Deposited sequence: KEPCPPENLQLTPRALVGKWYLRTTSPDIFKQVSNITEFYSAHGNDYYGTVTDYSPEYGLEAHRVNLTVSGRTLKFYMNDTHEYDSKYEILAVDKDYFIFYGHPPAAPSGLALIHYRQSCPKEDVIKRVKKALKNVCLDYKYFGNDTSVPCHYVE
């Protein structure tokens, strides 16, 4: 579903885990960690992930930021290369939406500071998604990350 959209400098600086998407991408990919550095108003970074075909891998990335849109470019796989709009941004999480080749009709992505986001964060994420006409129950999550015992 297309949202109804509503970025300070340096807000994506740091380590993030991409644990939730709509539609779900986590049958094709897992364990996505990102590290972003700020370069004035842009970012350059590393993503690491597990791939069924490549195993544990890394990508160099550039975020070229232009108001509320940005263009994500990766070095060696172009399937997630797109303009992304920021839907929500917080201390603990950020949400963006784009239309890469992997998901031409729309891909929403939630990145979190924590590896296993708790109820404190998940309640904010849900309210955030409702303010932009999306709904958390249509998101899939990274069920290969162990976040609970048994």
Stretches of the deposited sequence lacking C-alpha coordinates, in sequence order, are 7-10, 155
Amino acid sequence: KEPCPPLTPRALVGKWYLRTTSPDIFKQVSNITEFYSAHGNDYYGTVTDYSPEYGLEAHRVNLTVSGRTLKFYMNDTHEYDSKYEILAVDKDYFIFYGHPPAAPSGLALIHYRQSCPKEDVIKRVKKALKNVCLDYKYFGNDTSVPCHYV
From here on, numbers count along this sequence of modelled residues.
25-33 versus 59-67: which one carries the higher mean Cα B factor per the record?
59-67
Looking only at CA atoms, which has the higher mean B factor in the entry: 38-46 or 98-106?
38-46
Is the Cα B-factor recorded for residue 123 in the lowest, middle or highest third of its chain?
middle
Among the modelled residues of its chain, the C-alpha B-factor of residue 115 falls in the third labelled lowest
Consider only the C-alpha atoms of the modelled residues in this chain, order them by B-factor as the entry records it, and name the third containing residue 137: lowest, middle or highest.
middle
Chain-wide C-alpha B factor ranking for residue 19, given as lowest, middle or highest third:
lowest
